[PDB]
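This document starts with one chain, in the form deposited in one PDB entry, laid out as structure tokens.
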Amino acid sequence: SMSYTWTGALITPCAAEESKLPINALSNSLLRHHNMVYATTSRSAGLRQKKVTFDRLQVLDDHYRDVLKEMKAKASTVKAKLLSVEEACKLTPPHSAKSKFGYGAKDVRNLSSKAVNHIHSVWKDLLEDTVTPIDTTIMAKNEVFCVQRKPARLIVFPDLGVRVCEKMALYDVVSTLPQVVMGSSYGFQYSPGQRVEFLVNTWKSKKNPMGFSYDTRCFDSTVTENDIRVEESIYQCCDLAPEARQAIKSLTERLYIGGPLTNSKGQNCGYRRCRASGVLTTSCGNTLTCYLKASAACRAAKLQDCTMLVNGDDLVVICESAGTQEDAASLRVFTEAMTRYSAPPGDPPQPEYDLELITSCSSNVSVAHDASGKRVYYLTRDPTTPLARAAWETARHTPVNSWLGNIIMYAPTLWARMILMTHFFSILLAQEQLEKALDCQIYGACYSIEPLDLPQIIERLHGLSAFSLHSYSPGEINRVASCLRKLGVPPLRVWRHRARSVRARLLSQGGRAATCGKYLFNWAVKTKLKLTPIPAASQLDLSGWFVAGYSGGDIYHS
């Protein structure tokens, strides 16, 4: 079956679309090569439509069914609950697309009778109708990138009322099942640090460790009706209220498997027979399907001690190496086996015998030293993307403050400390918006965060070491350095000279700011400071921050 069928109608833009980095008075204090940064618009949607329209073909051997059985067993221990409507509402993102039925996210969160009535009636349609396809909207995504240009990705999502419904039936499922079914291998249960510790222990649990990541060529399009249905047999293994089983069956037949795509102007763009990105089960399902296809594939290729870490469509496999010549052979089979499951490779996975050489979730493990000179591991990455965006957001406020999200998730990184924290705090001082809560996204979910809190938040996601790390490896430093030369970002020495000033600015502010300049820039000075636990750091409520991803699921918290 073809992943997609087009009618020829264009995927139209809902609003104005900028493709060129806006420039303001602050711009050059960060990135001088403006011709390097751009944003994807609905103008390239046609390209993307071409790269993802293809026919999927699957050959499921016993190794495939073997693993699927194991998973269903563990799945059978899960007892998901049926969210009521109010609860559902209370999980909808304050800035989530409004309903084509007269009410919006603001309406739903508050439980206005308009939204609650409609949802109650949408849910009923799911219980007495298990076939009529549910309409969807297809818009091109606007993401910023560096050149050397990729076509805009495609977002497909059902109406707000249906989204609320998905939660009532699946919210509790997608949060639980993954951990239970895949155990430690489930990547959305780890904070950046725990992810790093998991990969290290796992690397140490091998006499001869050998690893590789596996990138699927546009994974959503590879996903076939069979996958969507198998996913369901898995969900249906849970102890689920009867009404929920129906809704999950109904959502499956009428939505997740496929359905008509409607552009922003109401025209028909075509039909979908693969994964919809805007559904509650997108992240969970992918991860589920990706884990199943890569476990079978492991056995198919006789890989010794197959351990895996799976975050949605991203895959990492650390096993017991059996000889450099023997591994490259194994991986060939593995790729071939994945290809038979409709999970071909975008790039040939290649074996690495060096941990800090594998890239999962666009990141990697690297090393430095804490306050005690002890070797400590942290999660870092190429800063190209993060900065390019931090730049765009320097002259354009976005719904997703990437620079903040980035700082929270990469506090320990050489580039996030010297550049991101400095640059942006400097700007918060001038505007005096040091406490204005701002949105940002982590593993998918949108959180509201106040800048002055960062000190506590960071300590809570990485620990005190995120303020005293030093002697970063030469490999990392050189990468941060190069990327800067590329985008035209001033050298690191310049930033330290600026952080020295921003530190001083924050310190003078006393209070929570004084804490910020105290802990966030304590690396800019020579006479280091004490830095001890933060009293209100143990106050923060971070249980639900990293229990499950919701990328393309309509999720929000505090």
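All residue numbers are counted from 1 along the displayed sequence.
This next part talks about the form deposited with a small molecule bound, which is not shown.
Considering the small molecule in the entry with it bound, the lone stretch of 188 to 196, 253 to 261, 168 to 176, 106 to 114 in range is 188 to 196 [heavy atom distance within 4.5 Å].
Proximity to the small molecule in the entry with it bound, defined as a heavy atom within 4.5 Å, holds among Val78, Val376, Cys298, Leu379 only for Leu379. The single contact residue among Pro349, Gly312, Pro451, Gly161, judged by any heavy atom lying within 4.5 Å of the small molecule in the entry with it bound, is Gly312.
Residue contact check for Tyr443: one or more of its heavy atoms lie within 4.5 Å of the small molecule in the entry with it bound. Although the partner is absent from this view, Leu82 stays clear of the small molecule in the entry with it bound, with no non-hydrogen atom inside 4.5 angstroms. With a 4.5 Å cutoff on heavy atoms, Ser551 counts as touching the small molecule in the entry with it bound. Not displayed here, the small molecule is kept clear of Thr289 by more than 4.5 Å at the level of heavy atoms in the entry with it bound.
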